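This document opens with one chain alone, in structure tokens, the form deposited without ligand GSH.
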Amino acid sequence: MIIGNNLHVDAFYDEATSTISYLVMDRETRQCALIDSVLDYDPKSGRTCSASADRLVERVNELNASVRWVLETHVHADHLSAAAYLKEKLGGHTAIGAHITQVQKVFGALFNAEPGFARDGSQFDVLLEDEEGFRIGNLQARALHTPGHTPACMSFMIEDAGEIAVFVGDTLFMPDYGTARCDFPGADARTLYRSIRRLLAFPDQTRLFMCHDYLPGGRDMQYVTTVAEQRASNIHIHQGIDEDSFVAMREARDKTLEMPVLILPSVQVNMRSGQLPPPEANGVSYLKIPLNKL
């Protein structure tokens, strides 16, 4: 897609985790950003693979690009982040919400992390705050704090000409599927409602890019929608739904949800900015799986 004049957006879909990754480039400077990259991982054998990550490396080189930002909307609990691998091969700066510290505090205790594990977000280059601006070449971008799914959820808006594109993360899905879950630690259905209403306050022709697409059909994969479409036909939080009705709906639905397959391996890796836990005496890195907790 090309929004406005110089906003270039490439979408990448991982069927295994239903995760949509993004390559966002300024066409004027050929300088780009990578959002929510997927690190392939098999829970059975405990083996990683940069198969999907290399799809981004090829796309960058094909466009003669230059990575400036490696972004993450939130601490993913459904897949492993490939932010560290991409920074090691394409360079740039990693960035995540400032409230990563709250997440690191909780799961730092759940996994009984080694004393060397930082709870200040030292693993991430830049800690973004609400309404904070940052530059992708000539493209003016802003980081928006939109909690609900997690306490540290951020949304990235990028402007070119008069048109706006917002990368919302795990807040809104396609209008036919609804919204994200709020059964994770720190999550809140009432907070999510407010973050979305604030998101839908944007101009109605604002393009919204999704983090997941579970395909309610039937239909193929879709990643882009508009504010006007969401306000009119979202099955969970369209314009007719007030705060109280959403919360009762959202909370009742979360109780009927199963845990993500890779939630325990994902968080302990994504809280380290995509770094594997440090090797033990035998030089082997291990993922700690808490028993009968969570």
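Each residue number is its position in the shown sequence, starting from 1.
Quick note: we don't show the form deposited with ligand GSH bound, though the next part is all about it.
Although the partner isn't part of this model, could you tell me whether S155 comes within 4.5 Å of ligand GSH in the entry with it bound, counting any heavy atom of the residue?
So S155 does not count as contacting ligand GSH.
Please run the contact check for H99 against ligand GSH in the entry with it bound: heavy atoms, 4.5 angstroms, yes or no?
Contact check for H99: no, nothing within 4.5 Å of ligand GSH in the entry with it bound.
Contact between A180 and ligand GSH in the entry with it bound at 4.5 Å, heavy atoms?
Yes, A180 lies within 4.5 Å of ligand GSH in the entry with it bound.
Report whether the minimum heavy atom distance between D78 and ligand GSH in the entry with it bound is within 4.5 Å.
Because a heavy atom of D78 falls inside 4.5 Å of ligand GSH in the entry with it bound, the answer is yes.
Using a 4.5 Å heavy atom cut-off, which stretch among 52 to 60, 32 to 40, 250 to 258, 222 to 230 contacts ligand GSH in the entry with it bound?
Heavy atoms within 4.5 Å of ligand GSH in the entry with it bound occur in 250 to 258.
Residue by residue through 138 to 153, tell me which have a non-hydrogen atom within 4.5 angstroms of ligand GSH in the entry with it bound.
Only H149 sits within 4.5 Å of the partner.
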